[PDB]
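This report concerns only the one structure given below.
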Amino acid sequence: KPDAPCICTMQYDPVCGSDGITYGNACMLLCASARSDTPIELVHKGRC
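Residue 8 in the authors' numbering is what sits at position 8 of the sequence shown, and the numbering runs on without skipping anything.
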């Protein structure tokens with residue numbers, strides 16, 4: 001998928017994605033998978 005702005009909401013839902021990074025939200029993630037370094041992969045909807 002293309003780059004998706006990480007401004008979905010402010011529902012601070014820090015989801016841990018395969019990489020060891022707690023993304024403020026699955027969308028913030030979209031920012032990660034869009035301009036992070038590697039295609040992370042959610043694993044736990046929290047602080048790991």
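Yeah, the Cβ is synthetic: ideal placement off N, Cα and C, and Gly gets one too.
Legend entry - Nearest-angstrom Cα separation, counted from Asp13 out to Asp19: Approximately 17 Å, taken between the alpha carbons.
Legend entry - Beta-bridge pairing of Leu42 - partner residues as DSSP gives them: Per DSSP, the beta bridge partners of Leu42 are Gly17.
Inset, instruction - Would you mind sorting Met28 into buried or exposed? The rule is 16 or more other CB atoms within 10 Å of its CB. - result: When all chains shown are included, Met28 counts as buried.
Inset, instruction - Mind reading off the beta-carbon distance from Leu42 to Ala4? Whole number of angstroms is fine, and I expect it under 8 Å. - result: Contact between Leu42 and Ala4 does not hold, since the beta-carbon distance rounds to 14 Å and is not under 8 Å.
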